[PDB]
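Some notes on the structure that comes next.
Pasting the structure below:
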């Protein structure tokens, strides 16, 4: 019978037996791998169906079982206190036993996994970023021990229906399976497969975490209440059913690609007190027909804000706008006419490339470098 031995470190070894089990034995911290092709068992990924990390090992390193596509189970001993970035990224992970003393989880640890019901183990204190990216996870359970959950726990966890938090958790809470911080001032994550056509952000919320409502399957409408001041990067990214939204005046901080690829979005009312309309705002909003931007604070349209908005025909620019940057209205085929506010100072070369906008302001002149300025 073939039995393969892997040199992991001076105190750690790996043994892959004929039964498809990769057993990590020895003592200490497993190494961090910066390249997937550097993992010792890279050439034997087809043979690994289960991983066992035995007593003596104190941590699973970065990308250790990354791309072990046939791995459906991991057994983690009580001596392991941390699991590194993408440790099980793109495994067929379905369940685990152990992890009794794991305190820290890195980023993308369970990316592309085949999970259903997942409960974080009893000693978990820190959960890294985008931990379930493309995971099939349907339910996440947060124990009382968790003190830190980084941005995007549900980001591209497209089958996620529920997030449940222990009543005894001191930093987080779940209300109707929606994840919040304990005092509900931050809306952390809305499960993408959670049922419901309408949602009102609680009045107590000041911040919507980056990717909070990303890939949302069912919401047609979101009410951004008066308390919200911050909208994170892609907070409404690629929502399937969102048909309209109003960004109110109270919002003073907006991330990039906020409503990017919301293919059901028909209308945008943007009233946020911000100096710029952020990069990729409504890029790929293929059904967006009307946009109203109204705030005396808005000075700039960053690039690609309405790129490939092929149905966008009416655009109301903010009355004190000064700059339209490259590709802001790239391929806006339906945008035939626009009213320019007298405050415009610069239209960068290519702002209206692919659009049906032919004329530019009278007070602007084409620079010897393609830009329209003074």
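Residue numbers (the deposited numbering): 0, 33 to 405.
Beta carbons: idealized from backbone N, C-alpha and C, even for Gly.
Around the beta carbon of residue 189, 16 or more other beta carbons sit within 10 angstroms, so the residue counts as buried. In this structure, 187 is the residue among 176, 187, 154, 351 with its C-alpha nearest to the C-alpha of residue 162.
The three-state reading of DSSP puts residue 400 in coil, since its state is none of H, G, I, E or B.
The segment 206-215 and the segment 253-269 do not touch, with fewer than three beta-carbon pairs separated by less than 8 Å.
Sequence-distant partners of residue 401 (beyond 5 residues in either direction) whose C-beta falls short of 6 Å from its own C-beta, in its chain, are 380. Of all alpha-carbon atoms in 122, 97, 370, 152, the one lying nearest the alpha-carbon of residue 109 is that of 152. Listed in chain order, the non-local C-beta contacts of residue 131 below 7 Å within the same chain comprise 109, 152, 153, 154, local neighbours out to five positions each way being set aside. Around the beta carbon of residue 405, fewer than 16 other beta carbons lie within 10 angstroms, which makes this residue exposed.
Taking the Cα positions, residue 83 is about 48 Å away from residue 335.
Membership of residue 276 in the beta strand (DSSP E) is indicated by the continuous run 275-278. In the DSSP assignment, residue 129 forms a beta bridge with 107. Counting only residues of its own chain and dropping the five nearest sequence neighbours on each side, residue 44 has a CB closer than 8 Å to the CB of 36, 37, 38, 55, 56, 57.
Under DSSP, residue 259 shares a beta bridge with no residue. Nearest Cα to residue 87 within the set 68, 79, 112, 59: 59. Runs of alpha helix (DSSP H) with 4 or more residues, each lying fully within the segment 140-180, are absent.
By the Cβ-count criterion, residue 49 is exposed, with fewer than 16 other Cβ atoms from all chains shown falling within 10 Å of its own Cβ.
Pairing residue 100 with residue 77, the inter-Cα distance amounts to about 7 Å. Around the beta-carbon of residue 309, 16 or more other beta-carbon atoms lie within 10 Å, marking it buried. When DSSP states are grouped into helix, strand and coil, residue 371 belongs to the coil group. Secondary structure at residue 83: strand, using DSSP grouped into helix, strand and coil. The residue from 319, 98, 64 with its alpha-carbon nearest to that of residue 75 is 98. The C-alpha of residue 344 is placed about 12 Å away from the C-alpha of residue 317.
Two segments are said to touch when three or more pairs of C-beta atoms, one from each, lie closer than 8 Å; by this definition the segment 248-264 does not touch the segment 191-199. If the five residues before and after residue 261 are omitted, its C-beta is found closer than 6 Å to the C-beta atoms of 238, 284, all from its own chain and listed in chain order. The continuous stretches of beta strand (DSSP E) do not include residue 124, and DSSP gives it neither H nor E.
In this structure, the straight-line span from the alpha carbon of residue 230 to that of residue 192 is close to 15 Å.
Residue environment for residue 390: exposed (fewer than 16 other C-beta atoms within 10 angstroms of its C-beta).
A buried status is given to residue 95, since no fewer than 16 other beta-carbon atoms sit within 10 Å of its beta-carbon. Taking the Cα of residue 296 as reference, the smallest distance to any Cα among 337, 303, 264 is reached at 337. A distance below 7 Å between beta-carbons, with the five flanking residues on each side excluded, links residue 333 to the following residues of its chain, in chain order: 307, 308, 309, 310, 356.
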